[PDB]
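Encoded as structure tokens, the structure appears first; notes follow it.
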């Protein structure tokens, strides 16, 4: 891993653990492996997506926020917003107690990471209905050119966006 990505991995483990969800570290590592294995065309799509990032990032999660992979989608979207220095709305369905807890967990992690990065624009894990959440996710992917599949694909793609943002930071 590059120093910047290793820094983010460690900061995420600290945030995951402090928020009471240390098991998310292993899940993130599986996403890191998937991103590192991405074919050239997927990397090219990630570079093109970063070029299309909006002034305010609006998205939603494609799976239930009471799952580890759903928490990770919300966290990674928040990380993309923080690294791009934009306000963000990350819609989630928070109807059941497990969903509300997952949204609160994602919010705690996202706030810790944004603070560690000095990102001052607001990034909010935002409770909404299924239609709003699904619409925002589809619009985000379509605006960026990212095909919408499963949570694994979205987590991989969001982490590839992160990697591109770090590459742009390093570039001259």
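Numbering (the working numbering), first residue to last: 698 to 869.
The beta carbon of each residue, even a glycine, is placed where N, CA and C say it ideally should be.
Rounded to whole angstroms, what's the CA-CA distance from residue 808 to residue 816? Just pull it up for me. In the chain shown, the residue the question calls residue 808 occupies position 111. In the chain shown, the residue the question calls residue 816 occupies position 119. Distance between the alpha carbons of residue 808 and residue 816: 9 Å.
Name, in chain order, the residues that DSSP records as bridge partners for residue 887. Examination of residue 887 is not possible in this model, given that the chain is present from 698 through 869 alone.
Could you tell me which of 702, 709 and 762 sits nearest to residue 723, measuring between CA atoms? Residue numbering aside, residue 723 sits at position 26 when the chain shown is read from its first letter. Nearest Cα to residue 723 within the set 702, 709 and 762: 709.
Between the beta-carbon of residue 858 and the beta-carbon of residue 746, is there less than 7 Å? As a working note, residue 858 is residue 161 in the chain shown. As a working note, residue 746 is residue 49 in the chain shown. Yes, the pair counts as a contact, with Cβ atoms nearer than the cut-off.
Excluding five sequence neighbours on each side, which residues of the same chain lie with their C-beta closer than 7 Å to the C-beta of residue 713? Numbered from its first residue, the chain shown carries residue 713 at position 16. Excluding sequence neighbours, residue 713 sits near 719, 721, 722 and 806.
Cβ distance (whole Å) where residue 762 is taken to contact residue 799 below 8 Å: Indexing the chain shown from 1 puts residue 762 at position 65. Indexing the chain shown from 1 puts residue 799 at position 102. Between residue 762 and residue 799 the beta-carbon gap is near 4 Å, inside 8 Å, which marks them as a contact.
How about residue 785 and residue 820: do their beta carbons lie closer than 7 Å? Numbered from its first residue, the chain shown carries residue 785 at position 88. Numbered from its first residue, the chain shown carries residue 820 at position 123. Yes, they are a contact pair.
Beta-carbon contacts of residue 793 that lie in its chain and below 8 Å, excluding the five residues immediately before and after: Here residue 793 refers to the residue found at position 96 when the chain shown is read from its first residue. If we look at residue 793 and ignore the five residues flanking it on each side, its Cβ neighbours are 763.
What residue from 779, 777, 867 and 760 has the CA that sits closest to residue 791's CA? Working through the chain shown from its first residue, we reach residue 791 at position 94. Comparing C-alpha distances from residue 791 to each of 779, 777, 867 and 760 shows the shortest one belongs to 760.
Starting from the Cα of residue 802, find the closest Cα among 813, 767 and 733 and give me that residue. Indexing the chain shown from 1 puts residue 802 at position 105. Closest option to residue 802, judged by alpha-carbon separation, among 813, 767 and 733: 767.
Please return the same chain residues whose Cβ sits closer than 6 Å to the Cβ of residue 861, not counting the five positions on each side in sequence. Taking the first residue of the chain shown as 1, we reach residue 861 at position 164. Here residue 861 has 743, 744 and 747 as same chain residues with Cβ atoms under 6 Å from its own Cβ, once five neighbours each way along the sequence are excluded.
From which residue to which residue does the alpha helix (DSSP H) around residue 810 run? Translated into the one-based positions of the chain shown, residue 810 becomes position 113. For residue 810, the uninterrupted alpha helix (DSSP H) run begins and ends at 794-814, by DSSP.
Close beta carbons around residue 770, own chain, < 8 Å, minus the five adjacent residues each side: Taking the chain shown and counting its residues from 1, one reaches residue 770 at position 73. Cβ within range, chain order: 758, 759, 760, 848, 851, 852 and 855.
Beta-carbon separation (whole angstroms), residue 814 vs residue 773, contact threshold 8 Å: Here residue 814 refers to the residue found at position 117 of the chain shown. Here residue 773 refers to the residue found at position 76 of the chain shown. Contact flag wrong, Cβ pair sits at about 14 Å.
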